[PDB]
Amino acid sequence: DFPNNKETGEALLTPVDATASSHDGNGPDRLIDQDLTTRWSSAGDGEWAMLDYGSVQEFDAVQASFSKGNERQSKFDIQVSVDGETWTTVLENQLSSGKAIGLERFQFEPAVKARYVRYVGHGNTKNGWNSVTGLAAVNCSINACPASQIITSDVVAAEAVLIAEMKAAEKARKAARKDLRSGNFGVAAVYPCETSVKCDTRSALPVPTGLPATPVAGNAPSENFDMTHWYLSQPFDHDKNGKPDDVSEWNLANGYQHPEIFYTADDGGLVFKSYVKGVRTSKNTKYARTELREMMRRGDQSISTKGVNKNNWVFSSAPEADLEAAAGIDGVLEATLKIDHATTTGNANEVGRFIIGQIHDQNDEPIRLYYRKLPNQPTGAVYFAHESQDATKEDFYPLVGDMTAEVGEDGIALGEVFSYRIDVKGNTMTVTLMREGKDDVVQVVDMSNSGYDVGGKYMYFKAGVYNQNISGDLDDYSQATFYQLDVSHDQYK
Ligand code: NA
């Protein structure tokens, strides 16, 4: 019904903003990126995505491309507004073709004035998902409105060629990732105990008493920080055993550094870099880490790494025999760090996410503390998870934002120094996030019914960068620089 459409015309306007009532990670920016492989996805009738053109224009159609658009028909209305507050329906009870993944036009008359155009979804012919790979408002008196956006047999036939191309590109992308879980990369740095130091692994290391109150340039990590109570897991595998290369307390405490992934910065800070690629700690782990694991045996390798023993602590809520057997009771981990870079590649639900502190027992995590920055947010979020009742329950707690990381300017920027404290006393865990010039944020977790005090559970702290992105490019990475890493425990009486 539109005799007057043109094959070519003026370029479409760039919206100044794309927003949405809700989404699952896959946000409304993905409507305007001229990319069929990305989508805005949102579940529920009446959820919307809105384009702001920044000023009032005349429009008479929209063009839209649909996720899985050759498998089901999407149901929707289109509304417009001049003021952004009240909405006029211009297209009602629309149904996509069900036959194509490309752009399809939905056109009306007369043209209307609008600054804002929104897609209101009513799910699809199979389920409740509103999933749209492209949306733009069009004025067919000035822009291209091509016949190829009315879905006929020839358009569907051309798409078979496009889909085959896209499938081939997908297989090529997969082939490029073949070395994902491999540790074959990185220079080799010296292990002190194998080269320059005779390490007495029958004995605990000396307690380092020199340490400067703030880290100094030119010091090894062990001269700026107490490294005697950690081992480091590195995501490369130079001894070819299929596992990370671990750096024992005796090597760490004697000045170990690796110039790519664990080293003293020009300003003294301790840098941890974690690529997406790397050998992982086990089959059941999806992600690489460059991360320290607490070792209260402090280099006395006669003491086993695992167990309620003199290498691990327990909560003071644990049975008496555990309190006495453990190396200490309760615990505080306090760190100061900045985030240098967060992954910017990968799927919408993983990109920019990693973990900067943990408590673990043999199986589960009393806490995992996350930072996450999205590529299109100017700052990042910090939040945590608490697993409970043998990990059959998991609860997320915000500190500065949450796992969605939609913090705008209100989060923690790259390069911004901040501190955290994780303080366990019995079945209470207090997590504090401290920032310069701002009030502390404090979350108290009641672990009463969490099951960490039953008996037999041993604990250790972790700190560093544990990636939570596997889908990103293999060389993409997250990096943090620490200025404080202080661990404390109480003693059994
Ligand atoms: Na897209």
Side-chain angles (χ1 to χ4, degrees), residues 11-44 47-54 59 61-76 78 94 96-106 116-124 126-138 143-146 148-149 151 155-156 158-159 161-170 172-174 343-352 374-377 404-406 469 471-473 476:
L12 299 182
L13 308 167
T14 309
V16 317
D17 205 14
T19 55
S21 62
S22 76
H23 57 86
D24 75 347
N26 290 286
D29 51 302
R30 301 169 176 246
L31 292 166
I32 59 170
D33 64 357
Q34 294 74 34
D35 194 341
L36 298 179
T37 75
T38 58
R39 68 194 183 265
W40 162 64
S41 291
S42 180
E47 292 314 301
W48 51 258
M50 184 189 77
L51 309 183
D52 179 359
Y53 284 88
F59 297 123
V62 298
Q63 58 179 217
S65 54
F66 294 91
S67 173
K68 295 182 185 293
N70 66 332
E71 299 182 41
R72 62 209 191 174
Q73 300 174 279
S74 287
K75 298 195 290 197
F76 63 97
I78 296 297
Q94 305 290 297
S96 79
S97 73
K99 299 164 202 236
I101 70 167
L103 288 161
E104 171 172 22
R105 181 173 49 255
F106 304 83
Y116 311 87
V117 178
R118 84 180 182 178
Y119 175 105
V120 179
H122 298 285
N124 66 70
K126 297 209 184 158
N127 63 41
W129 282 101
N130 306 295
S131 296
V132 181
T133 54
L135 174 69
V138 182
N143 304 125
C145 298
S148 65
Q149 296 184 195
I151 307 308
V155 172
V156 165
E159 286 203 356
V161 179
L162 173 72
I163 287 162
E165 286 172 352
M166 288 176 83
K167 293 286 190 173
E170 289 170 0
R173 296 304 74 68
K174 288 193 204 151
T343 50
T344 65
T345 66
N347 68 49
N349 278 290
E350 288 180 7
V351 56
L374 312 183
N376 71 340
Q377 300 282 333
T404 73
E406 295 184 330
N469 180 350
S471 63
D473 293 359
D476 195 2

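One-based numbering, in listed order, for ligands and for the atoms of each. Side chains are part of it too, since the values below use all heavy atoms of this structure and drop only hydrogens, waters and symmetry mates. Residue indices begin at 1 and follow the sequence shown.
- Taking the Na ion (ligand 1) as reference, the nearest N/O/S atom within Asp35 carries the name O.
- The Na ion (ligand 1) has an N, O or S atom of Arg30 inside 3.0 Å of it.
- For the atom pair OG (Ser96) and CD1 (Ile101), the distance works out to 12.5 Å, reported to the nearest 0.5 Å.
- With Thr38 as the partner, the side chain to side chain donor-acceptor pair (under 3.5 Å) test is satisfied by one option alone out of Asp29, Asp33, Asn26: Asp33.
- Note that CG of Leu36 is 7.0 Å distant from CG of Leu103, once rounded to the nearest 0.5 Å.
- Between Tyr119 and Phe106, the gap from one ring centroid to the other reaches at least 6.0 Å.
- Minimum-distance N/O/S atom of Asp33 relative to the Na ion (ligand 1): OD1.
- None of the N, O or S atoms belonging to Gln34 lies under 3.0 Å away from the Na ion (ligand 1).
- Cation-pi check for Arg118 over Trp48 is met; the charged atom lies under 6.0 angstrom from the ring centroid and within 45 degrees of its normal.
- For residue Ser65, no N/O/S atom approaches the Na ion (ligand 1) to within less than 3.0 Å.
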